[PDB]
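Quick note on the authors' numbering: the sequence shown kicks off at 2 and runs consecutively. Using N, Cα and C, we set each Cβ at its ideal position, and we do this for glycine too. Note sheet for the following structure.
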Amino acid sequence: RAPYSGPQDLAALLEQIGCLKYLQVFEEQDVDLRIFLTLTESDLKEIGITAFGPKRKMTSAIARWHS
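Written out as structure tokens, the structure reads:
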């Protein structure tokens, strides 16, 4: 199998956590994977992610893939 070291773009990360419905929010804010992986919960709020569920999934993903 092809070596893998995690999502290589934001859409891939969002698909992995079931959050593709937020892809456009990040595209309109011009936030790519590199920037996403630096975000705080406060940042996610500023971007437009207010619902508890998606915020929690995204903060968990950021912790997992930050590296």
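Can the beta-carbon of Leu11 be found closer than 8 Å to that of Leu34?
For the 8 Å CB-CB criterion, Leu11 and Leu34 form a contact.
Contacts around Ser68, its chain only, beta-carbon distance under 6 Å, and the 5 residues preceding and following it disregarded:
For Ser68, same chain residues with a beta-carbon under 6 Å away, outside a window of 5 residues either side, do not exist.
Going by C-alpha distance, which of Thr39, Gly7 and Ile48 is nearest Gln25?
Ranking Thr39, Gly7 and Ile48 by Cα distance to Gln25 puts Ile48 first.
Distance check for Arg2 and residue 92, CA to CA, integer angstroms please.
Absent from the structure is residue 92, since the part of the chain shown begins at 2 and ends at 68.
When the distance is taken between beta carbons, is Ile63 closer than 8 Å to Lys56?
Result no, Cβ atoms of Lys56 and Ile63 do not sit closer than 8 Å.
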